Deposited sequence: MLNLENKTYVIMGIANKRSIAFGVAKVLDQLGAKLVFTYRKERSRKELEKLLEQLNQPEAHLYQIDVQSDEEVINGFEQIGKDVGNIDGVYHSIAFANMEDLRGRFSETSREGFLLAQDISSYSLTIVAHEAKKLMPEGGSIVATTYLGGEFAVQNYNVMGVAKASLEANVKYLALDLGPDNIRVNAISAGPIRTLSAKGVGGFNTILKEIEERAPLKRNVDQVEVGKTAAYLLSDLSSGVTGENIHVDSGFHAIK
């Protein structure tokens, strides 16, 4: 059914056509979701512009955010803030928090609430996903971590129980479980979209 379109998400994290975060765009384009992107380099917008039709229709609300810049992400979101509206949720990508930040700037457009999904892909963990889950919970806000095996290695293929490995687009889809309503009871959580490897 459920949980989809018109709703707004800002995939911050795309480097090019193989970025997990294009997976997430891609899937998310597809369910009807309006969608925002941010960007580190001047130019990867060189690319992201091409990156489309694909059906999210302008601009698309590219904004460039470098993410170690308190003050960049700030008129980053303030920028967007005033541009789109407020937002349905965010897709985040040593060692990191920029998320803490990303996230407390993000809070203040999601006023009815939302969701935030951030993707590791040793020895991050996985745990101001918990904290920040504490925090905005009361705000009716969800913070969850997807943590992806590798795409695209050859020990997993043998020891990971699904006898293969993942890609972007299946990471895309756990992402939209996470962004979706299907998951409304859920937070402070981390999903391994890693074929099972994490089991062993």
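Missing from the model relative to the deposited sequence are positions 94-119, 148-163, 195-207, 256 (no C-alpha coordinates, numbering from 1).
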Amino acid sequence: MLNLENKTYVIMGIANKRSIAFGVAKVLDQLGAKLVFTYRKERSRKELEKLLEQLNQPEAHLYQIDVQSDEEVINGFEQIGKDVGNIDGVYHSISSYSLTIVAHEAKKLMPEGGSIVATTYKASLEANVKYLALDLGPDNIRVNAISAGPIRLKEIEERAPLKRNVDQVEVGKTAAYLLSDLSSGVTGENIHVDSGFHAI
From here on, numbers count along this sequence of modelled residues.
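Higher mean CA temperature factor, per the PDB entry, when comparing 125-133 with 68-76: 68-76. Look at the mean CA B-factor for 155-163 and for 29-37 in the entry; the higher one is 155-163.
Between the residues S147, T174, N144, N56, it is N56 that shows the highest Cα B-factor in the PDB record. The maximum CA B-factor among the listed residues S115, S96, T119, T100, taken from the PDB record, is found at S96. The PDB entry assigns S195 a C-alpha temperature factor belonging to the lowest third of its chain's modelled residues. Sort the modelled residues of the chain by CA B factor and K82 lands in the highest third. In the deposited entry, the Cα temperature factor of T187 places it in the lowest third of its chain's modelled residues. In this PDB entry, the Cα temperature factor of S19 sits in the middle third of its chain's modelled residues.
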